[PDB]
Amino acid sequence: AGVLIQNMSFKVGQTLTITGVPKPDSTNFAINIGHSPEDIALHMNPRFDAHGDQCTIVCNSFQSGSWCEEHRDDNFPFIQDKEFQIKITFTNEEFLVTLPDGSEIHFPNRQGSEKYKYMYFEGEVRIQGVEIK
């Protein structure tokens, strides 16, 4: 059940910096930001090869047993066993993900909250750094 971080508050206006390395045999991995395992505002799922996607980032939200509408990005600067740094900023309106290569993903903050105290990193990735300021 991967890396679980509880009560490290991520609020509107801060940057979340995630340092990690996909496992050498990674098919995919996910960053889950939300309130609980049943209420995820941002599911960000870089897929090397999983769910029928190859080198695709799938973003979605999960609430009350249900996945919502997928956002898909073909921009994929992740490599098996290579360190990455991802930045996440958010507003009431959306998450702004800055990827390693300086490119960006815009995903709506559908849950609408200004503070999230649940972070869950799942799948074939090692998390070396979580920074919030």
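For every residue, the number given is its place in the sequence shown, counted from 1.
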item: 23-31 set against 95-103, stretch whose average Cα temperature factor tops the other in the entry; value: 95-103
item: From 18, 119, 125, 12, residue of greatest CA B-factor; value: 12
item: Among modelled residues of the same chain, the CA temperature factor third for residue 73; value: highest
item: Ranked against its chain, the third holding the CA B-factor of residue 60; value: lowest
item: Third of chain Cα B-factors occupied by residue 45; value: lowest
item: B-factor third for the C-alpha atom of residue 80 within its chain; value: lowest
